[PDB]
Amino acid sequence: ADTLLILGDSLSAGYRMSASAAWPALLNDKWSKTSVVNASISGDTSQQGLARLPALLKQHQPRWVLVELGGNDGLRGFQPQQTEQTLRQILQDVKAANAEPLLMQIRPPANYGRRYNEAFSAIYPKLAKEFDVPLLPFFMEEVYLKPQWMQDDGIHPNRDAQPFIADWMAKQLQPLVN
């Protein structure tokens, strides 16, 4: 089976829950045909993900790499321009490893400021166009509509949400991984 590497933060690693409870594990279970390797770490900024990428590509030799990063950059002092360059590098590295990067749109909280939010959000469509890659919608948009799937911080999806995110992701990824 080919390998799909998930390079994400808390949203893919699972916030305050075990690896087996996070949606990537459920997806892996749902899929013998495709191996889903979760290389996500709670709190990771795009830079921290990029730092771990080289070893991951060499060790896992993935055919596809889902990039779900950037949400932690704002609070970590990174300007939209820095997030853009970091993601650009990640996409470059993924392609150079003969893997297909699958980028996911990320949306920061509204209390971050319109100036930042507009610039930040624009990063994703720009890179997807620049590298001609798939741009998946932010999976949390659907989760936000179900308070019963949100943890207390109003930021991370809870345990009950994972199976649904896994199904949602399976649907989005199906066409991309054949």
Side-chain angles (χ1 to χ4, degrees), residues 1-46 48-50 52-53 55-57 59-73 87 90-91 93-94 97 99-109 120-121 123-125 127-128 131 133-178:
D2 290 341
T3 296
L4 164 62
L5 178 69
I6 308 303
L7 189 74
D9 47 31
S10 295
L11 299 176
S12 296
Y15 185 73
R16 294 179 176 182
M17 64 181 75
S18 78
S20 67
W23 69 262
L26 300 183
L27 182 61
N28 181 247
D29 285 349
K30 183 178 180 178
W31 281 356
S32 64
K33 186 65 62 56
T34 303
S35 176
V36 184
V37 178
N38 200 358
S40 304
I41 306 181
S42 296
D44 255 28
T45 58
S46 53
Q48 289 178 294
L50 171 61
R52 300 181 293 104
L53 186 57
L56 290 169
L57 296 177
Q59 167 64 197
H60 299 292
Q61 306 184 76
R63 182 176 173 192
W64 315 277
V65 179
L66 175 63
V67 181
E68 181 267 307
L69 297 167
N72 290 129
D73 294 13
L87 292 175
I90 290 176
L91 299 176
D93 288 4
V94 175
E100 304 180 3
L102 311 177
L103 185 64
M104 178 172 282
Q105 178 75 52
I106 306 294
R107 180 166 75 69
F120 184 79
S121 298
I123 296 172
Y124 301 92
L127 291 179
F131 288 78
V133 297
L135 178 57
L136 286 68
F138 185 35
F139 75 74
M140 284 301 291
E141 294 305 337
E142 287 294 342
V143 187
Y144 295 147
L145 304 178
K146 311 292 276 195
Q148 64 264 228
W149 289 349
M150 296 300 295
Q151 297 193 215
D152 286 19
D153 54 29
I155 295 173
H156 305 90
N158 60 28
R159 289 189 172 79
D160 288 1
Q162 309 308 121
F164 305 87
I165 296 166
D167 294 333
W168 189 91
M169 289 301 298
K171 293 183 181 62
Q172 284 283 160
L173 298 167
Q174 182 182 52
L176 311 176
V177 302
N178 270 190

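Note that the numbering runs from 1 along the sequence shown for the chain.
With rounding to the nearest 0.5 angstrom, the OG atom of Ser12 is 5.0 Å from the CZ atom of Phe139. Between the CZ atom in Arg107 and the OH atom in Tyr124 there is a gap of 12.5 Å [rounded to 0.5 Å]. Between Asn28 atom CG and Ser20 atom OG the span is 11.5 Å, to the nearest 0.5 Å. For the atom pair CG (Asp73) and OG (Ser46), the distance works out to 3.5 Å, reported to the nearest 0.5 Å. Considering CD of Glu68 and CG of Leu11, their distance stands at 4.5 Å, rounded to 0.5 Å. To the nearest 0.5 angstrom, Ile6 atom CD1 is 11.0 Å from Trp64 atom CH2.
No side-chain heavy atom of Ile90 sits under 4.5 Å from any side-chain heavy atom of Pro101. At a threshold of 4.5 Å between non-hydrogen side-chain atoms, the residues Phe120 and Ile106 count as touching. By the 4.5 Å heavy-atom criterion applied to side chains, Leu127 and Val133 are not counted as neighbours.
Around CG of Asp152, the count of heavy atoms belonging to other residues, nucleotides or ligands within 6.0 Å does not exceed 12.
Every residue two or more places apart in sequence or in another chain that forms a side chain to side chain contact (heavy atoms under 4.5 Å, CB included) with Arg52 is listed here: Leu7, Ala39, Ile41, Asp44, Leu56. Among residues two or more places apart in sequence or in another chain, the ring-ring contact (aromatic ring centres under 6.0 Å, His included) test is passed with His156 by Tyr15. Considering only residues two or more places apart in sequence or on other chains, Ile155 meets the side chain to side chain contact (heavy atoms under 4.5 Å, CB included) condition with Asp153. With sequence neighbours left out, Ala21 forms a side chain to side chain contact (heavy atoms under 4.5 Å, CB included) with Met17, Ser18. With sequence neighbours left out, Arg63 forms a side chain to side chain contact (heavy atoms under 4.5 Å, CB included) with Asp2.
The backbone N or O of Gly70 lies less than 3.5 Å from no partner atom in the side chain of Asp9, so there is not a single donor-acceptor pair. Between the side chain of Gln105 and the main chain of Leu135, no donor-acceptor pair closer than 3.5 Å is present. A donor-acceptor pair is defined here as one N or O able to donate and one able to accept, closer than 3.5 Å; such a pair exists between the side chain of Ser40 and the backbone of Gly8. When atom types are taken as modelled, the side chain of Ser10 and the backbone of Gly43 share a donor-acceptor pair closer than 3.5 angstrom.
Scanning all heavy atoms of the two residues, the minimum distance from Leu66 to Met104 falls at CD1-CB, 4.4 Å. Closest of all the heavy-atom pairs between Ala22 and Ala13 is CB-O, 3.5 Å. Between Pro157 and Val143, the shortest heavy-atom distance links the atoms CB-CG1, 4.0 Å.
In summary, of the residues considered (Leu102, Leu57, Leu4), a side-chain contact (heavy atoms from CB on, under 4.5 Å) with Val65 occurs for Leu57 alone.
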Tell me which donor-acceptor pairs under 3.5 Å the side chains of residues 159-178 have, and how far apart each pair is, sequence neighbours excluded?
{"residue": "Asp167", "atom": "OD1", "partner": "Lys30", "partner atom": "NZ", "Å": "3.1"}

